[PDB]
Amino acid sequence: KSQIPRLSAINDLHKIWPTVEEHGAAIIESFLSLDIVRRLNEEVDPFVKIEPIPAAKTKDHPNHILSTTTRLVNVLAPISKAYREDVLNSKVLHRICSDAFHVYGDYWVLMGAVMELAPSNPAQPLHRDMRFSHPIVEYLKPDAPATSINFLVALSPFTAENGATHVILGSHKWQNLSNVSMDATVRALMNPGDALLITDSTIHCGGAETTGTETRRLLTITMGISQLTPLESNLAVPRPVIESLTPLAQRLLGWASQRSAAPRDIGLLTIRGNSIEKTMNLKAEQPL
């Protein structure tokens, strides 16, 4: 079996999206620097510790899919300086997304989440993403360009032993799913800061944690066309935090109007022909 193509964030930038379009998966080596990974980890650490079980009885939007041991923290903008500055303005992320979504137009964050898998976390069932939030995606024609992609960034080592991601290469082009099996998968062995990039059609799963000692952490960034509703809201993020961001970061968090690729585009989230940012006189790059 062919292994997941491994590409440089520095040199092979133009090759990344074409590789994912062909194979359905690619490893971006050093997608984030170890400095950014260190700062991300430090900032989200306490929020991961206080996070209840995914299907906690206190929640009015419980996640009944994720294992009880799993901890997911989303809406990272108010938590993490490293996320809202370094990650949301990543030159590599924005080149890949502009390559991926040019047919549709503007893209934004459907969800940026830190996931921590506790020791002995079982393997997820093989799946395509978006099926528990966007039923519309299943009604797209087979040859429809991907409407979302998922950056799975290692914040700790991904090994075969501690539950590194499984992917079926070429599975993003599959219509008949009779050959779906763990037998057909290859592993995303990754150092902290490496990213596994998949599409919403790539068949994949979290691996089994088999050591019983290792805690595995990842930053999952689902980037999707601005025509699809995000899984997470930034509506409650304080305006000072939003006004500290770049205009691009503001757009990614839904604090700006959006544009389609239609030649005479009439726009999304507009206010009587004017943008959110113009109407509300929204400042950008104002330090806290």
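Each residue number is its position in the shown sequence, starting from 1.
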Avg C-alpha B-factor, entry values, 224-232 vs 242-250, higher side is 242-250
Ranked by mean Cα B-factor in the entry, 103-111 and 117-125, top stretch is 117-125
Entry record, C-alpha B-factors for 202, 147, 165, 176; the maximum is at 176
Assert third(CA B-factor, residue 19) within chain per record equals middle
Sorting the chain's modelled residues by C-alpha B-factor and splitting them into thirds places residue 142 in the highest
Entry-reported C-alpha B-factor of residue 206 relative to its chain, by third, is lowest
For residue 154, the third of its chain by CA B-factor is the lowest
In terms of its chain's C-alpha B-factors, the third that includes residue 258 is the lowest
